[PDB]
Structures are given as structure tokens and as C-alpha cells.
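As a convention, Cβ positions derive from the backbone with ideal geometry for all residues, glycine included, and neighbour counts pool all protein chains shown. Each answer follows from the model by the rule given with it, or from the source it names; none is laboratory data.
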Amino acid sequence: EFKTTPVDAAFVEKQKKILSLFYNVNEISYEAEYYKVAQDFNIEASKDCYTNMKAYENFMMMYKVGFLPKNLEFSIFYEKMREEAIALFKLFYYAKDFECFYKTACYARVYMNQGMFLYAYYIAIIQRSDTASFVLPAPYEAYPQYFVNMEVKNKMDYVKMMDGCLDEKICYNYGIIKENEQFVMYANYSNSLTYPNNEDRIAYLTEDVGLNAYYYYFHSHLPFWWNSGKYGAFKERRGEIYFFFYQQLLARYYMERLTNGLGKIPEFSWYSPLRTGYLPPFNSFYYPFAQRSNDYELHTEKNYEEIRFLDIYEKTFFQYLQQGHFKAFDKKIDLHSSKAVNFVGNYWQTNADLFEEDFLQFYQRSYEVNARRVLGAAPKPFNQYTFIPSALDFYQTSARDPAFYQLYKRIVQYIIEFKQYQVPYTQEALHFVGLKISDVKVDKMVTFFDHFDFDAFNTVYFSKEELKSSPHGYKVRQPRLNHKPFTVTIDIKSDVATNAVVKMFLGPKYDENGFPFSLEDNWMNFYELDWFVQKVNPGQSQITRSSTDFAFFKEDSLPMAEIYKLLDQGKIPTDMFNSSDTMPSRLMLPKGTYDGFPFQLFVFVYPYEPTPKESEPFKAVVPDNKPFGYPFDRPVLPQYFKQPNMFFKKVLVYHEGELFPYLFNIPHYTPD
Amino acid sequence: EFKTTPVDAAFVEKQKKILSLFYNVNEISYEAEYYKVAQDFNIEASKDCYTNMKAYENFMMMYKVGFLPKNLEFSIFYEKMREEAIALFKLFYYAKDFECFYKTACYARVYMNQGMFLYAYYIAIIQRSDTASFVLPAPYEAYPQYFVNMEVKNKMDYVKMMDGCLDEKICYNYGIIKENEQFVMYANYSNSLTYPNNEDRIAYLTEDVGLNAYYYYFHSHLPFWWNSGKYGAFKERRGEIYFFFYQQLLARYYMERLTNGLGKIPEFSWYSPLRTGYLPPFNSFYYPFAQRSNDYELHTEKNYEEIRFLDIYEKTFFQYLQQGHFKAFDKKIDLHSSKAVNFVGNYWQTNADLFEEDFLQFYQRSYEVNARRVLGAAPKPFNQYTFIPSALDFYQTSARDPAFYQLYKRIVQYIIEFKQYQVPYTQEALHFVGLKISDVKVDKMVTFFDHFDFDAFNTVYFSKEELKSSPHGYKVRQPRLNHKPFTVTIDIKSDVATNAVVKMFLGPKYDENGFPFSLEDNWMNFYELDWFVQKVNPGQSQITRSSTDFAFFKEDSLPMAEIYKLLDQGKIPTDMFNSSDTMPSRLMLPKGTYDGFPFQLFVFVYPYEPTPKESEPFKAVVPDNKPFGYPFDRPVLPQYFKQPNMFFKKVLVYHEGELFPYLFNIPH
Ligand SMILES: *[C@@H]1O[C@H](CO)[C@@H](O[C@@H]2O[C@H](CO)[C@@H](O[C@@H]3O[C@H](CO[C@H]4O[C@H](CO)[C@@H](O)[C@H](O)[C@@H]4O)[C@@H](O)[C@H](O[C@@H]4O[C@H](CO)[C@@H](O)[C@H](O)[C@@H]4O)[C@@H]3O)[C@H](O)[C@H]2NC(C)=O)[C@H](O)[C@H]1NC(C)=O
């Protein structure tokens, strides 16, 4: 009951090579294969490992100067850095074949900044079409310092310096135990000291490792600085998925807020104090992460120039809308087409497609980068290779900061302002003639917390001796949200014999007040649970769909220990290779309440139009003509949403066992 | 459904006369008794109707000048108005006997500002020892303009102008119905258009008519501007009563917050914007009530002077705290005693007692009065008699404004700072030698909403013809919170045999965190449910105690129409008589969840010391020399609250039927 895929022996060899660069990423083992291979890799004499001569020579130019030194923090949001990671990726991506890529990576694993190496390496593995099917470690196993609060990281460093536990009893009381000769450290989510306000209610979501990893995978599947020509016809839809990704994520987040009684995502101004502070429980080699207080004044001497830029970046968009048709980055933008939809997203992300070039150029300033800089609260960088980090400097920690959700809310509002220019769906575009949903039934929907382990060994240091055998076994254990399986049953009268699409969303039923949401105001608050095609036949029939089969959710990634165990059996975990960029399903449902929190499930059935065969960047691109998020991709006329083939069903989400995650990490106490 | 008291014939004659002044408060019936008696009343030639000659002549000087004109808004927070209300109260109170009192009242009811009359008349009935036992209409029946949202008031006004329903079925859809030839108007609590924020989650408590009446009652039972010497031995505890009242209230209010996901009462600063606005649906037929927007700057030009005042009034207090001991207002005060608690309360209320005088004087400025003027947001009064009203201008609307709880939270905190001077209770002062609570059991505690009617006839005008028949029958229907009765059973093992005091408190179990509250930071958050004396037996016994019997909660007021019918039978309602100044039962519990919301029940048993034989200003004054709120009148060391004669029980408060009151008011 963990999805398997069989896999042959040539595969095992290549997968083992790729996985091996992730062992002890923070130090160098002189007797690892990678070290020998890098010693033996003559880079000057290797023009013929590369499909692209320019990339090679471009790398050598920067190479001869020198790169970002080992041990410094890496972030693509600083330019000098970005130009280097991009050079590294071009090398990885234009390597003739696998041998070539492996020597290049070994070299980089040895001689280059570990952050930069891991960033380029992940992206290249996802992007190279000969590596497309290989599995990667979960990002929290590759960069545990981005996923572990200081408290836990310190406890582990402490256990290491002592070479183990003084005595068991002392240790157990501090949440430190041995299991099968490995160390396990119980971890709480952070308290009122890092989230000095109500946002702490939600720390179990915002600090969730799955949810942070998801954002990282999203970025690495199509990074802003890269064009999307690798993906064919998807190029003309890149901006669409940008909106969708953020609209869905914020919809997921607002639902968490509702169950924890927290109301709307706050709005703000660049010219005003921002309310919800955040003190990141992280440090880099030199600096504690930058802290932002409650009521932090965004508008100060240090951010004035940035704020001017941000301000006119948004107001330009207003000017576009005001005008309908306008000259923008080559063509005339007409707001009534869908070349408009694409433009809108590329505009807000300042991605490579906006400029219709291959890679983001050195002088093109991004809206999102400057926003993160203002909101990150950090002091200005010490030099081009040394910045003071904040949660917003990385996709791995971004979702920990309340400001992150506020910033994307603002962008999503802006896009929704443009979406006011889109013609709404008519009766005839949504009516499925000859078919009616007569009823929807759902099993009990139940959430709970349960423990979850990962190996954090990459954040622990090891002697020359211990390294000779790839040492690990430093596990973090944490209560994480989860739900039970449940089945949706859909009942249908049908005249016709066609293939059909069934979509299901979850959205709010009541606002923070107690009033029924009205669709005109709530369509942006629905997130997709599922999509699939079904043969329908006339009469009454019924489709059953288990939550374990929902399209947009995955199983927890396996740890590397387990990946290797499986490899020795010719086995690969499906969800880790066929769909890493997908939301973990443990977070499928907001945390419920013991009585049951009211949400609603929208079930929509429409005719299926045979759409060709692609191989797009994400799981969110289903083989359909339909816009992403359809029929909730755009403003609603409510009288058109009483279609026989639509059905809004009230459902309560329960919760069972302890309502608070800390109750799982108390020494002489066991929960429920 | 209500407790009755048999009542003799003399009483009924007097009670009827009293209640008759509360009929059609807003116009005059040329054919009613009160009118003829008022006309026959030579105020000039009847000095001998009064105990106090000074009071008599004082009123006359004033009356020769002139009083607040009829129809204008009356508020005791404005100097000249207060001085006039006090003069009229002096008259009522010093009336030789009930006859002179009636005449004066008839006289006042005819020639005077009706609001000013009602204010003075209420208080007089409560204070005069020959009226001590008589009953009063609930505040919402006497001043329904202060308990009705504008939409409802207008629905009634237009029905009157129409002389009834044109068409039953349009009317129905607007929540207007005929019942026994009386009109019933259904009323919603106000929407985000009234509280443009989170505080609207709670409108069902803050707008609640019981809760607002309760506050009006607490004021009238002992007004800040008056002396407390009428209650003798109680005078030494007036400040203690003042603290306890607000502490309890805020504790109750915070519990409603917690069940609606709301957290701590925000703190504020006179020199910064106040986050939470208030827009009242009330008007004085002249000005609408002043609105306070969100993020309203307190420190603007028109408030410079008042903020200066409020600022030193506070800082003077800090200086007290810093100095430990000092002379103030005659006295030498040492913050280690209880002559201290009393002083501290009196200080904060600037009441008459703080000056050792009979009535507040013209020029002794009140912190609460200016706090309320600044927070109330109104432009400055136009003249002596004409201000722009705010919710904080009246005891009967105060509880409706978020700022009200913020203001009293501030005062109560300053008192808690003082309380750190008080020496904590020790093991020996709390331990009951030879007695132990072995268990506490509680019935299911269930809240719910159900309908409640009152007569709003007082804000409707009638013709000469109609008036001849003193007319009513304009009823408002509203969902109100409520709970099902429940029993607490306490199990006690004891060695010997004495009378015991049993006390029950309700506190939160967790903060907005989800984290257990510790007693150190929670003692202020317990509200008292009950107090009673018990004969304890040797060995094992069980005390059973029902909610319907809880000492600090009352049944609902009956409307006058019902009071009249009871009087016709020789009966009155006990609670309106014996305990009007007590909180209503239905509000005993905060709204629960279907779920069941986690709180704790604190059960205390201590030895009974037969003491005081008194004459009570409030029912909060129980015949015990212990402090009010004992053992939660002061900072706690959590390790002394483990005596066998204490039990903390987790209870869960459930809720049944509809969670939102508006679903109770939907048409077809
Ligand atoms: C206290 O507060 C509550 C809540 O605000 C309020 O209840 C609301 O009352 C209104 C009418 O008084 C009610 O709407 C009526 O609604 C019904 C129900 O409609 C339902 O079905 C529709 C499809 O058939 C669907 O589209 C709706 O969303 C809903 O589920 C409806 O039959 C009425 O239709 C209209 O009639 C009016 C006549 O004036 C015409 O103008 C119009 O052309 C329609 O024919 C009408 O809309 C509403 O649903 C209630 N709100 C909620 C949130 O439940 C109470 O009235 C208020 N009570 C008092 C005494 O103040």
C-alpha cells in the first residue's frame, strides 16, 4: 500500500550515482567515488562533453575568475549568484549524455558552493529529458537546515559533539531517543516567540515540511529565469498556471485560517506599517536570519528606491487595464483574448517568457524579488556574495512567513482585476445537455495528527573516519497533519453515451461572520481536489472516487534509506518520480473540529474533448482544452451555476485525537 | 414559569401608582390621574412635604431658572444635566411619605424632561426605604429607543402611521405579524455594517437586552455621584464592589470571545489610533448617534485637553504605586491594607465617597466621564442642554461598544497592578481542617437560542383618543442566548460538623493558544456562579445544587402587561423584587459548540463564620466578611490551591439547534 513501479538493472546503477551526490552534502569525503571522478575530470579539456559551445565557454570565463565560495548562503534572488547557478545549469543541461552529466556534477559537488550545486543539480535532473524519470530525495533531506527549527538543529549538534547520549533518561526527557541505533529528535512547531501573533495558530501548516517542499518542487519544475520552449504548446499557457498555482495555494491557506478562526488574508501598503511580524528560527554561517517585528514600517530610508520601483510596477498594470489595448514588450496586448491571460502571469512574475528570451538577463529587475527584499526586513547585503538571509530568500522557507501569503494575495487580486475584463461563461458553455447529477454522498472526512520522520543527517558533521561509510541516522520526528481515506459517490441521470470529465473542488461555506458565501465572491476560494475521465451510459448510474486516487495529491516521499532498500528489489516509488510537484495528500483537508467544520464540495461533470499527447511541466496540466481551474478560473454569474450537471454539497470536516500538535511530544504522556 | 411572591392589598395600590408613570412615557394624557394630581400640585406652598429644607429650596432656585426642556436627550455625564437630575432626586428621596412622593413624581412627569424624570424616578424607587420592596419595569420597556436597532424602530413607526398592516403578506415578509391584536416585529442583531470588524462575532451578547439592562441596574443601585452612607457598613467596601463588578463582567465577556475565536481584549493608548470602530443604529430625533471609524485617532485637536486630563489621572495612580504610602484626599493611605482596596476603587470611579461628601460637586472631574467622551467620538456639545449622543453616553447602551470593554479592561488592570501589593493567601487561610471534596459531577451544560418578547410601545406615539386607553401592543421578538438547567453534585468527606460556605466559579481552561491556563495568570478570569451556606455532616455526604438556584443569576423580567395580571392575583415576580441587579440566567453560560467547549469549574468549600446583619445595595453583597471574589480577589500562588477542600473540574459547554441567531428570523 505504497505505490510501486518496477525498474531494471541499468536503472539502478544510474539512480545510485545520482543519489550518491546527496550524501553528506556539507562536507567532502576523499574516498567517495565522486571525489575521484572530480579529481580525474579535466574541465579545460572537455569541450566535447557539451552540446552547446557557448555554455561551455561561458562557464570557463566565470570559472577562471571564480565562484561563490563554499559555506556561504545561496539564493537565486541575488544577481551575481543567479548568473552563476544558471551557468552551472547550462553545463548540466547540455551534457551529451549521462556520463558527462555525472562527471560535471561530481566536479561541482566537490569544488562548488553546496547550495548552488544542489539548486542546479535538482533542476537539471528534473529538466534533462534523459533524467526525467529518476527519483530525487525530498528537499528536507537535502537541505535540512531549511526545515528544522534551531532548537532541534542544536539538540542534534549537541548529541553529535558528545558522540551520543550521556544517559538515556536525561535524553528522553529532552525528546531524544535511540531506535535501531539511530537518533530520533521530537520537534514542536514554533511558538509565540517566532510568530508573535495569531498566525501562530497556523504554524503546523506554515512550517509543514511537505508544504515547504511542494513550493520548492514547483519552482524547480519551471524556474522563472528559464523560458518554457522545452514544453511546446504549454508555453502559450505559462502565465495561466502561475495564477492558478497561487490562487489554489491561497485558497488552501484561507481554509486553514477559517478553521482556526482567523479571517481574511490581510492587505497592506508599501507606505504603511505591516502588522504581522515573524522571527525566522534559522541561521546561516554568519547571520541569524533577519527578523521583522509587528508593525514594521516598510517605508524607510533603506527601501525607498525599492518601493518606488514596486509602486510603478503595479500602477503600470492599472494603466494597461485602464486602456484595454496597449503596446507591451513587442506586440499589442488585447485584453479580450487569452494571449492576454498568458501575458498577465508572465508580467507579474517577470519570467523569461515576458521578454521572449531564453534566460532572464542581468539587468531585468523583478517585481517579486524586490517585494521579498522589502518584506524580508534584512539589512542590505555586505557584498555580492554575502547577503543577510530571510525566510523569503528561499523557496524552501518562503511559506513559513505570513508576509509571503500576503504578497501573493496582492498579486492574485491584481490579476483578478484584469479578469474582470474576461467574458463570463454562459448557460450553454457550462450546461451538459442530457445529464444531471442527482446526489453526492461522502464518507466521514476526518483529520488527525500523527508522527512523521525524516533523516536530518545532512545538517550534522562527521569525522574523516565516519564519512568513509556515508553516515546518517539523525532523524527528526514531528506531528504532521493527515486525514483518513474517504470515498465520494456521485449519482447521475444521463440520456447520452459519452466520456465525461468529473471535477471536484473544496471551498468555504460560511465566512468568518456566519453568512453563506455567495459564488460571485467565493469562486477564487475553491481548490481542486480531483479530475478524471469516465465512460457514462444512459439511465441512472453512479461513479465512485476514493481520496487515495485524487489526481492532485501524492503520498509522502520515502527517505533515501528506503529508496536504496527499494532499489535492491528493482522497485521505484511511483509518486516520487511520476508526480513530485504535487501537494502531499496529508494536507488535503484543513484541520477540522470535533463537531465538524462546514465546507462545501463542488462537483462538476462536463463533456470530454479528446486533446492530444504532450509531456508538460506539472501534474496540474490535465489533457484538456479547458482553462486551468475551469469553471472557477474567472468571475461568476451566479444564476448560471444551477446547472443540472453541477452540485454543491455541504460537508463537515471532523478532527480526531489531540487537537494540538504539542500534545504528541510531551515526555511521560501519550495522546488521544 | 416564574417564582412568585404573595403580596397584600396596600402594596398593589402603591405598586400600580408607581408603574403608571412608566406608561406612554413620551406624551401626556390629559385625562390620566397623574396629570390632574400634577396640576393640583402647588410646589410653592408645600415645603412641609419634605424632610430636607435645603434640598427643597435648592430645587426651587433651579426651577425658577429652568430645567432641560422636554424631548431632548438626557445623560448624567453632562454637568448641568447631572446637577438638575440630582436636585430632582433629592426631592424624591426627601419626600416625607409615599403620598408626597407620588405627587412630586406626577408633577415631574408632567413638567419635566422625560429622560431626566425616568432617571431620577428609577433611582428614587430603588433608594427610598418605603419603596425598597416594589418592582420596576425592565429598562428595555421604559427606554426602548436604547434597546431597538433603527430598522426595527422604523418598521414600527411606519406601521403606526399606516394604522396597521395594509397587507398581511408583505408585512410577513418583513417580519411583521399580528398576534392577539398586537404587532410582533422580528429583530436581527446588527451586521458588519454596525461593527465593521471581528467584534460583530459577539453582537448577540453585546446587544443583548438583559446585559444592557443589567448595567443600567448596577448604576441605579448606587450612582457614582451619591454617597454610600445609606448602606452603613458597606461604605467601607464601595471600591471593592466597583472592582468586582467590572472584573466579573470582563471575565464573562472574555469567555464569549474565546468561544468565538477572538482572544485578549485589545489594549490602547490615548496617543494612538484605536483599531476597533463602532457604528450605532440609534438616533435622538435631532442627531444620529456619533460613529467611530476603524483606526480612529484619539489624539486630535478637539481632544488635546481631555487627554491631558486622562493622562495625569492615570499617572497620579502610577506615582501612588511607586510610593507605597502617601496622603491623598485627606487620608494617609498604605497600599498594604484594605482601606486601600476601597480607596483604589473609589479613586478610579471618582465617586462621592472618594471625597467623603454626600454628592459629587460641579468641579470634580471624572476619569470615566472623559474617557467616555473621548472614546465616544462625538463632536463637542452645541450648548449646556444639547450634546451629540454616543453609546457611551448611556448606561443602557454602553455595553454595545467594543471600546467599553477596552476602557474598563484598562482600569481593572491598573487595579491588578495595585493588587500586587496585597499579601497572598497562605495554606492555613485556605485549608479547611477535616474537610475534603472527593468528587464533582455536572449535568450536560447546553446553550441555545430561543425567542424573547418585550413591549416597545414607549417609542410609538398615540393620538388623544388612543391615549385615553393607555396603549401598548408593539412587541419586539429577538433570539437570545440561553441554557438548559443543570445540577452540580459535590461529594464531601469531613471529620466534624459545621456550617460551610460552598462557592462555584467558572474559568477558561485554555487560552487562544490551546495552552493550559495557570492560576497565576487566570485568577482574574474566573466568574462566580454561586454562593451558599450548608450544614456539613460527619463522614460522607453529597451536596446537590441546581443552576436555577444559583445565587447570582435572575429569571427574565416580565413585561408590565404580565406584572399587571400577577398583581391582579396578589402576586409579583420574586426576581424583579428581590434581585433585579443580578445578571440574567440565560447569559449564565457563553455560547458553546456542538463539539463542546472546554472550561473549568472551580468548587470551594470553607468554614462559615456567622456575621453581618445588614441591608444590601446589591445581591453581590453576601453575609460574609470575606472579600468579594474570595479566594480570587487577589494574586495567587498556585501551590496553595491544592487543598483537599478545592476541586477544579473540566467541563464542556455544548450548544444545540442553530448556531447563528439570524436563522431564527427568516420568513417562509
Ligand atoms: C434577519 O437576517 C436573515 C439573514 O440575513 C434574513 O434572512 C434572509 O431573508 C431573505 C428574505 O427575507 C432571504 O431571501 C429570500 O430568500 C428566499 C430564499 O431563496 C433561496 O433560494 C434561491 C433559489 O430558489 C437561491 O438563489 C437563494 O440563494 C436562497 O437559497 C427567496 O425565496 C426570496 O426571493 C426573492 O423575493 C424577493 C422579495 O422581496 C424578491 O425581491 C426577489 O426577486 C426574489 O423573488 C428572498 O430572496 C434570504 O435568503 C435570507 N438570508 C439568509 C442568509 O439566509 C432575515 O430576513 C432577517 N429577518 C428579519 C426579521 O429581519
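Kindly establish whether residue B:27 is assigned by CATH to the domain that holds residue B:125, touching a helix residue (DSSP H, G or I) at 6+ places or on another chain (Cβ under 8 Å), over 25 Å from residue B:352 (Cβ atoms) and acidic (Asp, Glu).
Details: assigned by CATH to the domain that holds residue B:125: yes; touching a helix residue (DSSP H, G or I) at 6+ places or on another chain (Cβ under 8 Å): yes; over 25 Å from residue B:352 (Cβ atoms): yes; acidic (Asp, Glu): yes.
Taking the combined requirement at face value, the residue satisfies it.
Restricting attention to region B:194-213, and to residues there that are away from chain A (no Cβ under 11 Å) and over 18 Å from residue B:403 (Cβ atoms), which single residue is surrounded by the fewest Cβ atoms within 10 Å (Cβ to Cβ)?
The qualifying residue surrounded by the fewest Cβ atoms within 10 Å (Cβ to Cβ) is B:210.
Residues to consider are A:622, A:605; find the one that is more than 14 Å from chain B (Cβ to nearest Cβ), crowded, with 17+ Cβ neighbours inside 10 Å and within 21 Å of residue A:127 (Cα to Cα).
Values: A:605 fails: within 21 Å of residue A:127 (Cα to Cα).
Result of the check over A:622, A:605: A:622.
Tell me which residues, restricted to region A:490-529, are under 23 Å from the mean Cα position of the chain (by Cα) and closer than 18 Å to residue A:591 by Cβ. Before you say what the answer is, go through the steps one by one.
We begin by selecting, within region A:490-529, every residue under 23 Å from the mean Cα position of the chain (by Cα); these are A:503-508, A:523-529.
Once the filter is applied, which keeps residues that are under 23 Å from the mean Cα position of the chain (by Cα) and closer than 18 Å to residue A:591 by Cβ, region A:490-529 yields A:506, A:507, A:508, A:525, A:527, A:529.
Tell me, yes or no, whether region B:102-114 has at least one residue that is crowded, with 22+ Cβ neighbours inside 10 Å, more than 19 Å from residue B:37 (Cα to Cα) and not hydroxyl-bearing (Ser, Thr, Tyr).
no
Just for region B:183-208: of the residues that are more than 16 Å from the ligand (Cβ to nearest atom) and in a helix (DSSP H, G or I), which one is farthest from the chain's Cα centre (by Cα)?
To start, the set of residues in region B:183-208 that are more than 16 Å from the ligand (Cβ to nearest atom) comprises B:196-199, B:202, B:205-206, B:208.
From the residues that got through so far, the ones that are in a helix (DSSP H, G or I) too are B:198-199, B:202, B:205-206.
On the way: B:198: 24, B:199: 20, B:202: 18, B:205: 13, B:206: 12 Å.
Ranking the candidates gives B:198 first.
Have a look at B:183, B:134 and point out the one that is assigned by CATH to the domain that holds residue B:40 and farther than 27 Å from residue B:581 by Cβ. Quick ask: steps written out before the conclusion?
Working: B:134 fails: farther than 27 Å from residue B:581 by Cβ.
From the options B:183, B:134, the qualifying one is B:183.
Would you confirm whether any residue within region A:631-640 is more than 16 Å from the ligand (Cβ to nearest atom), of a type in the set (D, E, K, R) and either more than 19 Å from residue A:603 (Cβ to Cβ) or not in a loop (DSSP other than H, G, I, E, B) (or both)?
Here is the first cut: in region A:631-640, the ones more than 16 Å from the ligand (Cβ to nearest atom) are A:631-635.
Imposing the further condition that a residue be of a type in the set (D, E, K, R) reduces the set to A:633-634.
Right, trim to either more than 19 Å from residue A:603 (Cβ to Cβ) or not in a loop (DSSP other than H, G, I, E, B) (or both) and you get A:634.
Yes, region A:631-640 has at least one match.
Only residues that are more than 23 Å from residue A:115 (Cα to Cα) and part of a loop (DSSP other than H, G, I, E, B): list them for region A:43-74, please.
A:44, A:45, A:46, A:51, A:52
When you scan region A:452-471, do you find a residue that is more than 16 Å from the ligand (Cβ to nearest atom), under 22 Å from residue A:631 (Cα atoms) and more than 14 Å from chain B (Cβ to nearest Cβ), even just one?
Looking only at region A:452-471, we keep the residues that are more than 16 Å from the ligand (Cβ to nearest atom), and these are A:452-471.
Applying the additional criterion that residues be under 22 Å from residue A:631 (Cα atoms) yields none.
No, region A:452-471 has no match at all.
Given the conditions (1) within 14 Å of another protein chain (Cβ to nearest Cβ); (2) in a loop (DSSP other than H, G, I, E, B); (3) of a type outside the set (D, E, K, R), report the number of the one that residue B:653 does not fulfil.
Answer for residue B:653: the failing condition is (2).
Do we have any residue at all in region B:650-659 that's crowded, with 16+ Cβ neighbours inside 10 Å, assigned by CATH to the domain that holds residue B:523 and within 16 Å of the ligand (Cβ to nearest atom)?
Initially, region B:650-659 is screened for residues crowded, with 16+ Cβ neighbours inside 10 Å, giving B:651-655, B:659.
Remaining after also requiring assigned by CATH to the domain that holds residue B:523: B:651-655, B:659.
From the residues that got through so far, the ones that are within 16 Å of the ligand (Cβ to nearest atom) too are B:659.
Yes: region B:650-659 contains one or more residues that are crowded, with 16+ Cβ neighbours inside 10 Å, assigned by CATH to the domain that holds residue B:523 and within 16 Å of the ligand (Cβ to nearest atom).
Keeping to region B:519-547, report how many residues are surrounded by 13 or more Cβ atoms within 10 Å (Cβ to Cβ), polar (S, T, N, Q) and not in a strand (DSSP E or B).
Result for region B:519-547: 3.
Does residue B:598 count as within 14 Å of chain A (Cβ to nearest Cβ), within 16 Å of the ligand (Cβ to nearest atom) and over 29 Å from residue B:127 (Cβ atoms)?
No; evaluated as a whole, the condition is false for this residue.
Looking at B:645, B:578, B:665, which one is away from the ligand (no atom under 16 Å from the Cβ) and surrounded by fewer than 18 Cβ atoms within 10 Å (Cβ to Cβ)?
Exactly one of B:645, B:578, B:665 is away from the ligand (no atom under 16 Å from the Cβ) and surrounded by fewer than 18 Cβ atoms within 10 Å (Cβ to Cβ), namely B:578.
For residue A:125, work out the one condition from (1) surrounded by fewer than 23 Cβ atoms within 10 Å (Cβ to Cβ); (2) over 21 Å from the mean Cα position of the chain (by Cα); (3) in a helix (DSSP H, G or I) it doesn't fulfil.
Status for residue A:125: all satisfied but (2).
Restricting attention to region B:129-156, which residues are over 21 Å from residue B:559 (Cα atoms) and either polar (S, T, N, Q) or more than 16 Å from the ligand (Cβ to nearest atom) (or both)?
Hits for region B:129-156 are B:129, B:130, B:154.
Report yes if residue A:447 is among the β-branched types (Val, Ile, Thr) and surrounded by fewer than 16 Cβ atoms within 10 Å (Cβ to Cβ), otherwise no.
Values: among the β-branched types (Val, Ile, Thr): yes; surrounded by fewer than 16 Cβ atoms within 10 Å (Cβ to Cβ): no.
For residue A:447, the condition - among the β-branched types (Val, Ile, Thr) and surrounded by fewer than 16 Cβ atoms within 10 Å (Cβ to Cβ) - is not met.
Which residue pairs have Cβ atoms closer than 9 Å, lie 6 or more positions apart in sequence or on different chains, and pair a first residue in region A:520-548 that is without any contact (Cβ under 8 Å) to a residue 12 or more places away in the chain and in the same structural domain as residue A:509 (by CATH) with a second residue that is among the acidic types (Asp, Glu) and surrounded by fewer than 21 Cβ atoms within 10 Å (Cβ to Cβ)?
Between residues of region A:520-548 that are without any contact (Cβ under 8 Å) to a residue 12 or more places away in the chain and in the same structural domain as residue A:509 (by CATH) and residues that are among the acidic types (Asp, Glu) and surrounded by fewer than 21 Cβ atoms within 10 Å (Cβ to Cβ), the close pairs are A:521/A:511.
Would you say residue A:178 is under 29 Å from residue A:565 (Cα atoms), of a type in the set (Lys, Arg) and surrounded by 22 or more Cβ atoms within 10 Å (Cβ to Cβ)? Show your work before the answer.
Values: under 29 Å from residue A:565 (Cα atoms): yes; of a type in the set (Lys, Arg): yes; surrounded by 22 or more Cβ atoms within 10 Å (Cβ to Cβ): no.
Here the answer is no, as residue A:178 does not meet what is asked.
Which of the residues spanning region A:558-593 are more than 16 Å from the chain's Cα centre (by Cα), part of a loop (DSSP other than H, G, I, E, B) and either away from chain B (no Cβ under 14 Å) or closer than 19 Å to residue A:246 by Cα (or both)?
Correct list: A:558, A:559, A:568, A:569, A:570, A:589, A:590.
Does any residue of region B:61-71 turn out to be touching a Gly at 6+ places or on another chain (Cβ under 8 Å) and within 23 Å of residue B:455 (Cβ to Cβ)?
No, there is no match, as no residue in region B:61-71 is touching a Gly at 6+ places or on another chain (Cβ under 8 Å) and within 23 Å of residue B:455 (Cβ to Cβ).
For region B:344-445, give me every one of the helices (runs of 4 or more DSSP H) that falls completely inside it and has 1 or more residues that are more than 20 Å from residue B:248 (Cβ to Cβ), free of Cβ contacts under 8 Å to residues at least 24 places away in the same chain and assigned by CATH to the domain that holds residue B:504. If you could, list the steps in order and put the result at the bottom.
Working: elements: B:367-376, B:402-419, B:427-430.
Helices (runs of 4 or more DSSP H) meeting the threshold: B:427-430.
Residue B:636: within 29 Å of the chain's Cα centre (by Cα), crowded, with 18+ Cβ neighbours inside 10 Å and within 14 Å of chain A (Cβ to nearest Cβ), yes or no?
Details: within 29 Å of the chain's Cα centre (by Cα): yes; crowded, with 18+ Cβ neighbours inside 10 Å: yes; within 14 Å of chain A (Cβ to nearest Cβ): no.
Judged against the criteria, residue B:636 is not a match.
Does residue B:620 satisfy the condition of being among the hydrophobic types (A, V, I, L, M, F, W, C), within 23 Å of residue B:412 (Cα to Cα) and in a loop (DSSP other than H, G, I, E, B)? Before you say what the answer is, go through the steps one by one.
Details: among the hydrophobic types (A, V, I, L, M, F, W, C): yes; within 23 Å of residue B:412 (Cα to Cα): yes; in a loop (DSSP other than H, G, I, E, B): yes.
It is true that residue B:620 is among the hydrophobic types (A, V, I, L, M, F, W, C), within 23 Å of residue B:412 (Cα to Cα) and in a loop (DSSP other than H, G, I, E, B).
Out of the residues in region A:472-519 that are of a type in the set (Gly, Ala, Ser) and touching a residue at least 12 places away in the same chain (Cβ under 8 Å), state the one that is nearest to the ligand (Cβ to nearest atom). Steps first, please.
Restricting attention to region A:472-519, the residues satisfying the condition of being of a type in the set (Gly, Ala, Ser) are A:473, A:494, A:497, A:500, A:507, A:514, A:518.
Next, only the ones that are touching a residue at least 12 places away in the same chain (Cβ under 8 Å) stay: A:473, A:494, A:497, A:500, A:507, A:518.
Numbers: A:473: 57, A:494: 25, A:497: 32, A:500: 26, A:507: 16, A:518: 8 Å.
Step by step, filter region A:472-519, then rank; the result is A:518.
Given A:167, A:163, A:157, which one is more than 14 Å from chain B (Cβ to nearest Cβ) and over 19 Å from residue A:471 (Cα atoms)?
On the way: A:163 fails: over 19 Å from residue A:471 (Cα atoms); A:157 fails: over 19 Å from residue A:471 (Cα atoms).
Every option except A:167 fails the conditions.
Does residue B:249 count as within 20 Å of the chain's Cα centre (by Cα), crowded, with 17+ Cβ neighbours inside 10 Å and more than 14 Å from chain A (Cβ to nearest Cβ)?
Numbers: within 20 Å of the chain's Cα centre (by Cα): yes; crowded, with 17+ Cβ neighbours inside 10 Å: yes; more than 14 Å from chain A (Cβ to nearest Cβ): yes.
Against the criterion (within 20 Å of the chain's Cα centre (by Cα), crowded, with 17+ Cβ neighbours inside 10 Å and more than 14 Å from chain A (Cβ to nearest Cβ)), residue B:249 qualifies.
Starting from region B:180-209, keep only residues that are free of Cβ contacts under 8 Å to residues at least 24 places away in the same chain, then list their pairs with residues that are more than 15 Å from the ligand (Cβ to nearest atom) and outside any loop (DSSP other than H, G, I, E, B) whose Cβ atoms are within a distance under 9 Å, requiring at least 6 positions of separation or different chains.
These pairs meet every condition: B:203/B:400.
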